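Peer 1: My file is structure.cif. It has mmCIF, C-alpha atoms:
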```
data_structure
#
loop_
_atom_site.group_PDB
_atom_site.id
_atom_site.type_symbol
_atom_site.label_atom_id
_atom_site.label_comp_id
_atom_site.auth_asym_id
_atom_site.auth_seq_id
_atom_site.Cartn_x
_atom_site.Cartn_y
_atom_site.Cartn_z
ATOM 1 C CA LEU Y 155 -1.716 -27.029 22.847
ATOM 2 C CA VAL Y 156 -2.362 -28.239 19.304
ATOM 3 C CA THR Y 157 -5.389 -30.354 18.387
ATOM 4 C CA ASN Y 158 -6.219 -32.620 15.462
ATOM 5 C CA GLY Y 159 -7.631 -31.125 12.268
ATOM 6 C CA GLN Y 160 -7.017 -27.616 13.561
ATOM 7 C CA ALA Y 161 -8.546 -24.767 11.573
ATOM 8 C CA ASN Y 162 -5.760 -22.366 12.570
ATOM 9 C CA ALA Y 163 -2.579 -22.728 10.541
ATOM 10 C CA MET Y 164 0.669 -23.206 12.441
ATOM 11 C CA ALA Y 165 2.899 -21.905 9.637
ATOM 12 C CA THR Y 166 2.475 -20.962 5.980
ATOM 13 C CA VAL Y 167 4.780 -22.464 3.346
ATOM 14 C CA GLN Y 168 4.472 -20.909 -0.109
ATOM 15 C CA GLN Y 169 6.764 -20.955 -3.132
ATOM 16 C CA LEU Y 170 6.712 -18.393 -5.941
ATOM 17 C CA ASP Y 171 8.725 -19.273 -9.018
ATOM 18 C CA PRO Y 172 5.552 -18.562 -11.028
ATOM 19 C CA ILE Y 173 2.805 -16.365 -9.534
ATOM 20 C CA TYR Y 174 -0.883 -16.660 -10.325
ATOM 21 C CA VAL Y 175 -2.431 -13.255 -11.032
ATOM 22 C CA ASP Y 176 -6.205 -13.292 -10.466
ATOM 23 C CA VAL Y 177 -7.814 -10.609 -12.631
ATOM 24 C CA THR Y 178 -11.524 -9.732 -12.635
ATOM 25 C CA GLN Y 179 -13.199 -8.724 -15.897
ATOM 26 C CA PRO Y 180 -16.764 -7.346 -15.804
ATOM 27 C CA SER Y 181 -19.229 -9.541 -17.658
ATOM 28 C CA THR Y 182 -20.562 -6.750 -19.887
ATOM 29 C CA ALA Y 183 -17.056 -6.363 -21.338
ATOM 30 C CA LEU Y 184 -16.961 -10.069 -22.191
ATOM 31 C CA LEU Y 185 -20.456 -9.744 -23.647
ATOM 32 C CA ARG Y 186 -19.517 -6.831 -25.918
ATOM 33 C CA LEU Y 187 -16.441 -8.829 -26.972
ATOM 34 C CA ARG Y 188 -18.738 -11.716 -27.909
ATOM 35 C CA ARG Y 189 -20.896 -9.258 -29.850
ATOM 36 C CA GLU Y 190 -17.934 -7.674 -31.678
ATOM 37 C CA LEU Y 191 -15.905 -10.811 -32.473
ATOM 38 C CA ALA Y 192 -18.919 -12.331 -34.252
ATOM 39 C CA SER Y 193 -19.167 -9.310 -36.528
ATOM 40 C CA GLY Y 194 -16.207 -8.559 -38.754
ATOM 41 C CA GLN Y 195 -15.304 -5.302 -36.997
ATOM 42 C CA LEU Y 196 -12.888 -6.987 -34.557
ATOM 43 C CA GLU Y 197 -10.758 -9.937 -35.666
ATOM 44 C CA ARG Y 198 -9.469 -12.501 -33.171
ATOM 45 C CA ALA Y 199 -5.762 -12.186 -32.380
ATOM 46 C CA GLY Y 200 -4.736 -15.843 -32.505
ATOM 47 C CA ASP Y 201 -1.076 -16.660 -31.882
ATOM 48 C CA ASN Y 202 -0.437 -13.588 -29.694
ATOM 49 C CA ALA Y 203 -3.733 -13.694 -27.777
ATOM 50 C CA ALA Y 204 -2.452 -15.427 -24.638
ATOM 51 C CA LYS Y 205 0.244 -12.913 -23.653
ATOM 52 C CA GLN R 11 24.757 46.311 -14.070
ATOM 53 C CA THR R 12 25.706 42.664 -13.615
ATOM 54 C CA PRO R 13 23.744 40.938 -10.817
ATOM 55 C CA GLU R 14 25.118 39.492 -7.572
ATOM 56 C CA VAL R 15 23.995 35.959 -6.763
ATOM 57 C CA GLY R 16 24.502 33.957 -3.585
ATOM 58 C CA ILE R 17 26.130 30.536 -3.987
ATOM 59 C CA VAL R 18 26.428 27.555 -1.727
ATOM 60 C CA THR R 19 29.469 25.379 -2.448
ATOM 61 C CA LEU R 20 27.989 21.893 -2.368
ATOM 62 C CA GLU R 21 30.467 19.082 -1.787
ATOM 63 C CA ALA R 22 29.940 15.341 -2.019
ATOM 64 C CA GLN R 23 29.697 13.668 1.382
ATOM 65 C CA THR R 24 28.251 10.330 2.439
ATOM 66 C CA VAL R 25 24.845 10.098 4.108
ATOM 67 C CA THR R 26 22.752 7.286 5.516
ATOM 68 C CA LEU R 27 18.971 7.202 5.505
ATOM 69 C CA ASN R 28 16.767 5.346 7.987
ATOM 70 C CA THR R 29 12.977 5.284 8.329
ATOM 71 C CA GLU R 30 10.850 4.767 11.426
ATOM 72 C CA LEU R 31 8.126 2.127 11.134
ATOM 73 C CA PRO R 32 5.339 1.126 13.567
ATOM 74 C CA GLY R 33 4.761 -2.267 15.120
ATOM 75 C CA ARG R 34 3.853 -4.145 18.269
ATOM 76 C CA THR R 35 6.023 -6.294 20.499
ATOM 77 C CA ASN R 36 4.979 -9.912 20.921
ATOM 78 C CA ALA R 37 6.201 -12.368 23.518
ATOM 79 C CA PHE R 38 8.986 -14.775 22.626
ATOM 80 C CA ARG R 39 7.393 -18.175 23.339
ATOM 81 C CA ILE R 40 3.877 -17.788 24.734
ATOM 82 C CA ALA R 41 2.038 -20.952 25.779
ATOM 83 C CA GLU R 42 -1.749 -20.814 25.902
ATOM 84 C CA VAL R 43 -2.286 -23.285 28.766
ATOM 85 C CA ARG R 44 -5.237 -25.322 27.550
ATOM 86 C CA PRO R 45 -6.281 -28.687 29.016
ATOM 87 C CA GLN R 46 -6.175 -32.149 27.495
ATOM 88 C CA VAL R 47 -8.626 -33.592 30.050
ATOM 89 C CA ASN R 48 -12.338 -33.230 30.773
ATOM 90 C CA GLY R 49 -13.176 -32.815 34.459
ATOM 91 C CA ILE R 50 -13.675 -30.354 37.319
#
```
Could you quickly redo this structure as C-alpha coordinates?
Peer 2:
Amino acid sequence: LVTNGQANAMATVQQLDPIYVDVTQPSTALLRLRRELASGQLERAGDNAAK
Amino acid sequence: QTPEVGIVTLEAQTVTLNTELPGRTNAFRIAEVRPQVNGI
(Lines of atoms letter the chains of each structure in order from A and count residues from 1; the text may use other names and numbers.)
(Lines give C-alpha, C1' and ligand atoms only; values in the text may rest on other atoms or scores of the structure.)
Protein backbone atom coordinates (compact mmCIF):
# COMPACT_ATOMS: atom_id res chain seq x y z
CA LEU A 1 0.00 0.00 0.00
CA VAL A 2 1.31 3.40 -1.08
CA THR A 3 -0.11 6.66 0.27
CA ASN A 4 -0.01 10.26 -0.92
CA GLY A 5 2.97 12.44 -0.07
CA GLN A 6 4.84 9.46 1.34
CA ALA A 7 8.03 10.18 3.25
CA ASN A 8 9.58 6.85 2.25
CA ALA A 9 11.09 6.80 -1.22
CA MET A 10 9.96 4.05 -3.59
CA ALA A 11 13.08 4.19 -5.78
CA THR A 12 16.10 6.47 -6.14
CA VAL A 13 17.03 7.87 -9.56
CA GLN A 14 20.39 9.64 -9.70
CA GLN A 15 22.65 10.57 -12.60
CA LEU A 16 26.38 11.25 -12.31
CA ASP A 17 28.02 12.80 -15.35
CA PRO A 18 29.40 15.46 -12.98
CA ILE A 19 29.67 14.73 -9.24
CA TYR A 20 29.43 17.33 -6.50
CA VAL A 21 32.21 16.89 -3.93
CA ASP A 22 31.26 18.46 -0.58
CA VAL A 23 34.44 19.43 1.27
CA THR A 24 34.56 20.90 4.79
CA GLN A 25 37.19 23.52 5.63
CA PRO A 26 37.64 24.59 9.27
CA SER A 27 36.86 28.25 9.82
CA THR A 28 40.20 29.07 11.47
CA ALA A 29 41.94 28.08 8.23
CA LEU A 30 39.74 30.49 6.27
CA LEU A 31 40.42 33.14 8.91
CA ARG A 32 44.21 32.76 8.68
CA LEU A 33 43.85 32.91 4.88
CA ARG A 34 41.98 36.20 5.28
CA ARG A 35 44.76 37.42 7.57
CA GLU A 36 47.56 36.36 5.19
CA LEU A 37 46.03 37.45 1.86
CA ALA A 38 45.62 41.00 3.19
CA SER A 39 49.31 41.18 4.01
CA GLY A 40 51.75 40.82 1.14
CA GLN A 41 53.17 37.50 2.34
CA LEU A 42 50.67 35.41 0.33
CA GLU A 43 49.50 36.57 -3.10
CA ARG A 44 46.15 35.48 -4.53
CA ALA A 45 46.41 32.86 -7.28
CA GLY A 46 43.91 34.27 -9.78
CA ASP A 47 43.43 32.36 -13.03
CA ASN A 48 44.39 28.97 -11.56
CA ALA A 49 42.58 29.39 -8.22
CA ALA A 50 39.43 27.43 -9.08
CA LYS A 51 41.06 24.09 -9.96
CA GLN B 1 82.52 -25.07 -1.95
CA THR B 2 79.65 -24.03 -4.20
CA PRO B 3 76.26 -24.09 -2.42
CA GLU B 4 73.27 -26.31 -3.20
CA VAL B 5 69.94 -24.51 -3.54
CA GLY B 6 66.46 -25.97 -3.85
CA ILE B 7 64.40 -24.80 -6.84
CA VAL B 8 60.75 -25.01 -7.69
CA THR B 9 60.04 -24.98 -11.43
CA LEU B 10 57.17 -22.51 -11.67
CA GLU B 11 55.06 -22.77 -14.80
CA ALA B 12 52.34 -20.45 -16.06
CA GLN B 13 48.85 -21.84 -15.52
CA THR B 14 45.46 -20.14 -15.42
CA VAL B 15 43.71 -19.43 -12.13
CA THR B 16 40.40 -17.90 -11.14
CA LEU B 17 39.79 -15.91 -7.99
CA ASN B 18 36.48 -15.56 -6.16
CA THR B 19 35.66 -13.81 -2.88
CA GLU B 20 32.95 -14.60 -0.34
CA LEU B 21 30.78 -11.67 0.72
CA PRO B 22 28.05 -11.42 3.40
CA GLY B 23 24.43 -10.48 2.89
CA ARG B 24 20.85 -11.25 3.82
CA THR B 25 18.11 -12.82 1.75
CA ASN B 26 14.98 -10.75 1.19
CA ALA B 27 11.64 -11.94 -0.11
CA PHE B 28 10.83 -11.54 -3.79
CA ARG B 29 7.60 -9.50 -3.70
CA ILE B 30 6.47 -8.85 -0.12
CA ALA B 31 3.17 -7.03 0.38
CA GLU B 32 2.64 -5.24 3.68
CA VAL B 33 -1.14 -5.70 3.95
CA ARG B 34 -2.30 -2.31 5.18
CA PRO B 35 -5.91 -1.09 5.05
CA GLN B 36 -7.49 1.66 2.99
CA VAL B 37 -10.58 1.88 5.22
CA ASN B 38 -11.31 3.10 8.74
CA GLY B 39 -13.52 0.77 10.78
CA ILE B 40 -13.62 -2.20 13.16
Peer 1: Give as a list in words every residue of chain Y that touches chain R within 10 Å, counting only C-alpha atoms.
Peer 2: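 Residues passing the distance filter: residues 155, 156 and 157 of chain Y.
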Peer 1: Save out the residues we just selected, C-alpha atoms, as a tab-separated table (two decimals), keeping the file's coordinate frame.
Peer 2:
```
chain	number	residue	atom	x	y	z
Y	155	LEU	CA	-1.72	-27.03	22.85
Y	156	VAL	CA	-2.36	-28.24	19.30
Y	157	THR	CA	-5.39	-30.35	18.39
```
Peer 1: How far is it from CA of residue 188 (chain Y) to CA of residue 176 (chain Y), in Å with one decimal?
Peer 2: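 A separation of 21.5 Å between them.
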Peer 1: In Å, rounded to a single decimal, give me how far CA of residue 204 (chain Y) is from CA of residue 172 (chain Y).
Peer 2: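 The value is 16.1 Å.
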Peer 1: Mind working out the centre and edge lengths of an axis-aligned box for region 195-201 of chain Y, all listed atoms inside, 4 Å added to each side, rounded to one decimal in Å and written as JSON?
Peer 2:
```
{"center_x": -8.2, "center_y": -11.0, "center_z": -34.4, "size_x": 22.2, "size_y": 19.4, "size_z": 13.1}
```
Peer 1: What separation in Å, quoted to one decimal, exists between CA of residue 201 (chain Y) and CA of residue 178 (chain Y)?
Peer 2: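 Atom-to-atom, CA of residue 201 (chain Y) to CA of residue 178 (chain Y), that is 23.0 Å.
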